[PDB]
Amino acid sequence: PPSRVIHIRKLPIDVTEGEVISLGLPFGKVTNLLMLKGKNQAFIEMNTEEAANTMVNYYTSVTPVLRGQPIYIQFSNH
């Protein structure tokens, strides 16, 4: 189901907090963030689930890329 928080995998090794935040900015306010640099993943929480919808939809047509490397994004169990 669509949820506020979006799980993110295959992130670069030195990926800055800033960069993961700048992923959902085009679609709304980012309210919270947990990075797992140990598994190269992160979580990102948006104000509205509806922003998290426009998120995944867009990044299903446009590759979600952080500095030349693409990443894999998906909804979560929030």
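Residue numbers here begin at 1 and follow the sequence given.
Student: Tell me, lowest, middle or highest third: where does the Cα B factor of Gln69 rank within its chain?
Tutor: Its C-alpha B-factor belongs to the highest third of this chain's values.
Student: Lowest, middle or highest third: where is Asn32 by Cα B-factor in its chain?
Tutor: CA B-factor rank for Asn32: lowest third.
Student: For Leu11, does the deposited CA B-factor place it in the lowest, middle or highest third of the chain?
Tutor: According to the entry, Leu11 has a C-alpha B-factor in the chain's highest third.
Student: Among the chain's modelled residues, which third holds the C-alpha B-factor of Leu25?
Tutor: For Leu25, whose C-alpha B-factor we compare with every modelled residue in the chain, the answer is the highest third.
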